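J.: Fold the following for me, if possible:
(4 chains)
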Amino acid sequence: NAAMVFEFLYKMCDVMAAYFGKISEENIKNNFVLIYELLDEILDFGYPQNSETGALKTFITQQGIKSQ
Amino acid sequence: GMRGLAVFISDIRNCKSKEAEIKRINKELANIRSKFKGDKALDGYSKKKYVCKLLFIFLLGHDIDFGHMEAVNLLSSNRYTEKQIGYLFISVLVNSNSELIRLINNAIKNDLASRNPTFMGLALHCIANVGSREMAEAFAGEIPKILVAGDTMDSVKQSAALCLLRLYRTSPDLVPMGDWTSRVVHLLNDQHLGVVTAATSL
Amino acid sequence: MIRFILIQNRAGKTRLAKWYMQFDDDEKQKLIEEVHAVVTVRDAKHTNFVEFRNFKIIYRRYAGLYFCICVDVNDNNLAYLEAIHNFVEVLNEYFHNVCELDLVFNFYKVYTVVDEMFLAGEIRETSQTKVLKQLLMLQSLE
Amino acid sequence: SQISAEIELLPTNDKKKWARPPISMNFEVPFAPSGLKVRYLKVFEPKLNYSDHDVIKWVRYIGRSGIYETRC
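T.: Residues are numbered from 1 along each chain as shown, chains lettered A, B, ... in the order given. Let me share the structure:
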């Protein structure tokens, strides 16, 4: 489903923005484990499971690094 | 030793975003422009410090369009370091001018009429590191006169061999083939080893 | 022949740009940027002889510096790599330690060393002791 | 700076008095006469997240002169 992939990408972008603000090289580099955990939780075998903030908070225990 | 460069580069390195660096570099450019215009800047060491600072300004990534006549004036000197800095500045910054190129050629021609390997080597490096039609025209018959079997030290021989190589690479039609081939060929059998390297390259 | 010699750093600043042929204004910057992009990606478990466009560069890592000589296609590969190592060792025995700070604060000495051991695009001198002796004899004379 | 002018006068009769017009001057100065000075200028972008220091900023002052009249 072509639109589903784009919608999932937008949801992932929103999740990353809520987690550690704007997407930058430093934020990605400092939060490798968080990104791996997020991709493991939001997506499995290609089915984009629910990405609600309340549901994702329970299944994710890693906290990103913020650099302003 | 030189004192102005240490403090100048030390200040310009530990700088903030490009705004502060641009402000500092423009302030230094204004200061050097004021120092070049008028005043009693006849001392060679002050010209050295200013030329080196300006060269670092250029190499940092900014454009330089002045301080060239006062820099080529450094060549006519007896201090080795002044000649070295002037030659380095001429090699780094190249411009197409009539009077300036003629003055540089005259300075180099005066330089080659010396009797010490250091000045001859510096002049040869200046000729070969840039390359130009004027240099080849005014020195087509001078480099082989150095490479011919005359009383010259080994270092200037290597420099002359590589300079003739560069001139042939850039001005193929301006290099003759007179009675110096019989000297360059037998130069390969000469003693020393770097001389053999330069002769083999040529 | 040698096209140019570069002494870069990890970030990308060019600590020594020495071109042996006439390039354009933006061409030099484009070449530096693409050489940095090519060199930085590779690691130790890779060949040092990486080719690009119509040339090939000979990159060799040293602490925080990426010495790079760009040679012609037909030119030998290992010889210029060892020339790079010889140049690095001459710098090491000259400054007593090679580092970015010494290159930045003594750029003209680096230029005169390069022109001493790399002139007109070929290898001017191949020895360390003789270059050091001739440079010291031409250092006390002022 | 000092300027000394000697102005020859025609004989005339009376009532001229030169009308005493004011002294007019024209100039521009690289600072604000009103004393206004820029203290800080920070640009913050939440989306692109670029550093404020990376924004090149140039501020220059040109104070033009209007009617600068001094009675004489």
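
J.: so which residue of chain A comes closest to chain B?
T.: residue A:68 (15.7 Å; Cβ to the nearest Cβ). Just so you know, the C-beta spots here come from the backbone N, C-alpha and C atoms, and that holds for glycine as well.

J.: quick one: the helices in the chain?
T.: Unless you meant another one, I'm taking chain A. Using DSSP state H, the helices of chain A run over A:2-20, A:25-30, A:32-42, A:53-59.

J.: Chain B was what I was after
T.: Using DSSP H, helices in chain B cover B:4-13, B:18-36, B:44-60, B:69-72, B:80-92, B:98-112, B:117-130, B:133-139, B:143-147, B:154-170, B:181-187, B:194-201.

J.: next one: chain C
T.: C:25-41, C:78-95, C:100-105, C:107-117, C:129-137.

J.: Just send the helices of chain A back as a markdown table, with mean neighbour count too.
T.: A markdown table is the format used below for those (neighbours: other Cβ atoms under 10 Å in any protein chain shown):
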| stretch | mean neighbour count |
| --- | --- |
| helix A:2-20 | 13 |
| helix A:25-30 | 13 |
| helix A:32-42 | 15 |
| helix A:53-59 | 11 |
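
J.: out of the ones you listed, which comes closest to residue C:60?
T.: Across the helices of chain A, residue C:60 has its closest neighbour in helix A:25-30 (27.1 Å, Cβ to Cβ).

J.: What parts of chain B come near chain C?
T.: Proximity of chain B to chain C (Cβ under 8 Å from any Cβ of the partner chain) is limited to residues B:5-6, B:9, B:13, B:52, B:55-56, B:59, B:79-81, B:84-85, B:88, B:118, B:125, B:128-129, B:131, B:155, B:158-159, B:162-163, B:165-166, B:169, B:193-194, B:197-198, B:201.

J.: Contact partners for the residue of chain A closest to chain B?
T.: Contact analysis of residue A:68 by Cβ atoms under 8 Å, 6 or more residues apart in numbering or on different chains lists residue A:21.

J.: before we move on, back to that, out of the helices of chain A, nearest to chain C?
T.: That would be helix A:25-30 among the helices of chain A, by Cβ to the nearest Cβ, at 13.3 Å.

J.: And the contacts of the closest one?
T.: Residues contacting helix A:25-30 (Cβ under 8 Å, 6+ apart): A:20, A:21, A:35, A:64, A:65, A:66, A:67.

J.: show me what contacts residue 43?
T.: Going with chain A. Contacts of residue A:43 (Cβ under 8 Å, 6+ apart): A:8, A:49.

J.: Can you classify residue D:45 as helix, strand or coil?
T.: Secondary structure, DSSP: H, G, I helix; E, B strand; the rest coil: residue D:45 is coil.

J.: Count the residues that sit near the residue in chain C that chain D sits nearest to.
T.: Nearest to chain D in chain C, going by Cβ to the nearest Cβ, is residue C:11, at a distance of 15.4 Å. Residue C:11 is flanked by 9 other residues according to other Cβ atoms under 10 Å in any protein chain shown.

J.: first to last residue in stretch B:52-69, what's the distance?
T.: Stretch B:52-69 has an end-to-end distance of 14 Å (Cα to Cα, to the nearest Å).

J.: so how far is chain C from the residue in chain D that chain A sits nearest to?
T.: Ranking the residues of chain D by distance to chain A (Cβ to the nearest Cβ) places residue D:49 first, at 3.5 Å. Here residue D:49 is placed at a distance of 20 Å from chain C (Cβ to the nearest Cβ, to the nearest Å).

J.: ok, now which ones touch that residue?
T.: Residue D:49 touches A:21, A:22, A:23, A:24, counting by Cβ under 8 Å, 6+ apart.

J.: ok, which of those also contact chain B?
T.: Okay, of the contacts of residue D:49, nothing touches chain B (Cβ under 8 Å from any Cβ).

J.: Highest neighbour count among the residues you listed?
T.: Going by other Cβ under 10 Å, residue A:21 tops these with 16 neighbours.

J.: so that one touches residue D:46, yeah?
T.: Yes - contact criterion Cβ atoms under 8 Å: residue A:21 and residue D:46 qualify, at 7.3 Å.
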